[PDB]
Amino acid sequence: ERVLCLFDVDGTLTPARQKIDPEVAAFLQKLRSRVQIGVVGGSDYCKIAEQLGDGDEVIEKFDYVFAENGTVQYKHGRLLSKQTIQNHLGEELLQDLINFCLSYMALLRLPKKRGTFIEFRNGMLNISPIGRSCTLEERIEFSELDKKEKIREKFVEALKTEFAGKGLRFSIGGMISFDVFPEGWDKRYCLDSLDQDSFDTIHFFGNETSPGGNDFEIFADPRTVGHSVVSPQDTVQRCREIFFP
């Protein structure tokens, strides 16, 4: 009777990192006549907003907007207070991590380096050996070397070992960087806030629900009814079979 449909963004509602198909967007509003709707994605709010509407339309079109896995939350148009990664980790482990990354990267010799090797976000640290302020052409150059030399994979191996047992998780994505985040700060983070909003049912839809995928944990969590999808059209179809049969 009080139902929430909660969607991953990339590959679930939109082409990855691209704008939503207006027909999919159209269905989501129709679905909204039967249930509340939310999104949860690993990217920051500005990226998610850009994919799902013009300006800040996303917070009006969706009942919930969980950016950076729910460390940033919009609830019915309202922004809620955010928790810092330093509050969760503590300053000492945070700096141990930062200094290990600085020390490791200083020894990496690349074709090019730029700036923003460590980006401090709400839900993670983003580590990029080339530097995030590089151009697209520079990204591609690094990506091709990285496939040959496994630069990011080896850095992640050394970090996991060094911080073994200290509650840090790692994910390599895109061309130039990897993510470092606390255990529990995958997509499941958003569920703790959702637990207090009196939903009879929360249906989660994602395209990475297999082990290793970024939807695995929230999909498998007992607080959600999980649904595996392979495309936005599959998502729309599943939602019809369930809510408009």
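For every residue, the number given is its place in the sequence shown, counted from 1.
Quick check: 12-20 versus 219-227, which has the larger average CA B-factor in the record? Higher mean C-alpha B-factor: 12-20.
Discussion item. Tell me which stretch has the larger mean Cα B-factor in this entry, 112-120 or 84-92.
Written reply: It is 84-92.
Q | Selection by C-alpha B-factor (highest) of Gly70, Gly38, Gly53, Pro182 | A | The listed residue with the largest C-alpha B-factor is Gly53.
| query | Which one, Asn207, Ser193, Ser177, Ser33, has the peak C-alpha temperature factor per the PDB entry? | reply | Checking the PDB record, the top C-alpha B-factor among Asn207, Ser193, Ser177, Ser33 is at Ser33.
Within-chain third of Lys147 by Cα B-factor, per the entry
Highest third - that is where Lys147 ends up once the chain's C-alpha B-factors are sorted.
Grab the CA temperature factor for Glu153 from the record and place it in the lowest, middle or highest third of its chain.
-> Lowest third - that is where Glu153 ends up once the chain's C-alpha B-factors are sorted.
(request) Report the third (lowest, middle or highest) to which the CA temperature factor of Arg78 belongs, ranking only the modelled residues of the same chain. (result) Top third by C-alpha B-factor.
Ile59, C-alpha B-factor rank within chain (lowest, middle or highest third)
It belongs to the middle third of the chain when residues are ordered by C-alpha B-factor.
query: Based on the entry's values, in what third of the chain does the Cα temperature factor of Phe66 lie: lowest, middle or highest?
result: For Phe66, whose C-alpha B-factor we compare with every modelled residue in the chain, the answer is the lowest third.
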